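Structure 1 and structure 2 below are two forms of the same protein chain, each written out on its own as structure tokens.
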Structure 1
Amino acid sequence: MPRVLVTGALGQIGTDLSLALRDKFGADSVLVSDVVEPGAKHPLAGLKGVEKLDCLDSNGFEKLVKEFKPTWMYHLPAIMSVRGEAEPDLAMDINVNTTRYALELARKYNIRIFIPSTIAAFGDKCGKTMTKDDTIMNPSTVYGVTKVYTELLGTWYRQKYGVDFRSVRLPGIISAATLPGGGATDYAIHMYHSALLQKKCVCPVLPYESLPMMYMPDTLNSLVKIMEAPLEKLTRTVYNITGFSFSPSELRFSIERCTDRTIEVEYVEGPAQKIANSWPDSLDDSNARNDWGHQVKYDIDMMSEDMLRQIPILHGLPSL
């Protein structure tokens, strides 16, 4: 049974993943860290086993790893697409340097290490329909460039030092806890909020732009399941995984089915569009399904039902 360290643990994936790990292996077997502390309304507030760690401080990062003695690490901090184009130096620092430090610690302390990649690692030469695990990688964002380096450097640590590096290329991840903002796939949560508030939604992604997506509970299952797999079953270090693909118009139809009313949406291109257009429409995740049993239990309508129930509970929006 593992002892799990999570870094950048207070963000979108880390919050839900931290809780799930605590449930499965026990709070004493999990250490949750982030450069920031949790808000008083954050789900990890007041919990034991939550610490403050700037992963750019390699000495502090090592200090924490020595003290806790993890056998597994999920290294989550990154600056993602939209922010990274505006603040590329910060993206290069965080996405390259924290990763280098993590991998050096995984070597030194014999840690099985997960670092997520992303469909943003692909660009317009990838083959946009059912994109393969091995293909041409020509990302159009600095974030994506940094994640190609993440994939290749992690794989080198495996080959050279036997570090047990594992990764998936995550699609857009949807969850109810997330505050709608300007992220590349934030149109989807904005749309759920608008529907609940019965207000006009102005969507920055074009209506028929399809992307690979996944609902959070499926994401968490896979993130645990890949780390549990015996090494001998893994034929590669980096796997595509997907939930289902959808466009904004499809998400709108889903919401209208689950609310039984019309939501008003106007499509006005924002910064997310050019980024999303350079990404695949759908992924081939057959290697993940075959090697370690990646599976998906939600479809778009199940997800919409759950979201429309969870958002009022979490954020105080009007319910259906």
Structure 2
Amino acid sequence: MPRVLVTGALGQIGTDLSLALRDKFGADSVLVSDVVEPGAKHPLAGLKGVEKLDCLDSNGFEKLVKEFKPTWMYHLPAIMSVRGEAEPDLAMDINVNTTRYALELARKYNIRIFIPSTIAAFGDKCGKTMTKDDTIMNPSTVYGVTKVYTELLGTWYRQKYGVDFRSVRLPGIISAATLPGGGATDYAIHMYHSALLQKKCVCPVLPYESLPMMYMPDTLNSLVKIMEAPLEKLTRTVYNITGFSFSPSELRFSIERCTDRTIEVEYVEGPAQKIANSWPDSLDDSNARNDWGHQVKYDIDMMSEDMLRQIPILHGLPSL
């Protein structure tokens, strides 16, 4: 049974991943950390093994690793696509420097290390229909740039020092628990909240812009699964994974089918649209499926039913 460190743990992915790890391996085997402390209403508030650590503080990062002696690490902090275009110096600092520290710690302390990539590592030359694992990578966002740097550096660590670096290119992730941190796919979660609150939703992505997406329970399954795989079954360090693709107009229809209630949606093209337009419409994830058994249970309507149930319970929005 592994000892697992999650850094950047209080955000969208980290909140549910931390709970799932704890459930599967037991709380004593999981330590999580974030630059901020949890609010009283955060799901990880009041739990043991939840620490304050700025990953840019490389001494504090080493101390924590040396004390806990993880065998696995999920290194999650990054400034994402939309927010990075508005805060590019913070993105370059966090996404490049915390990654370099994390990899050197994986090398020095023998850790299997996962650092997520993203569909934002692609740009407009990738071949946007059923995008392959190996293709031209020309990101149009600083976030995307720093994620291609992530993939390549991690792979270099694997080749040069035998560091067990693993990654997936995550699609937009949908969940109910913790609000998203500023990607171009944040509209999808907000659309649900707009429908439940009966407020107008202003969508900055255009109505027919299809993107690869996935619901959180499939994501968690894959994040765990890729880490448990024997190193011999892996043919590459970085895998595309997807759940299913959708556009905003498709998601809106899914939500109105479940609520029996028109959502009001004004498309008013923001930063997210130009960014999303440079990304894949869909991904080919045959390598992940073949090598380590990436699998998806949820479709768009299963997800929307679950989302529409969870959000009122978790956030006290109105129900139905």
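Here, a residue number simply tells you its place in the sequence of structure 1, counted from 1. Rigid core: the largest C-alpha set superposing within 1.5 Å between the two forms.
Of the candidates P116, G183, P217, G123, the Cα that moves 2 angstroms or more after core superposition between the two structures belongs to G183 alone. The two forms, fitted on the rigid core, differ between the two structures by less than 2 Å at the CA of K233. Comparing the forms between the two structures on their rigid core, the Cα displacement of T71 stays under 2 Å. Here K132 does not count as shifted, since its C-alpha moves by less than 2 Å between the two structures after the core is aligned. Taking the core as reference, the Cα of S194 moves 1.7 angstrom between the two structures.
Superposing the rigid core and comparing between the two structures gives a CA shift of 2.1 Å at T262.
The two forms line up on their rigid core, and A106 then has its Cα shifted by 0.3 Å between the two structures.
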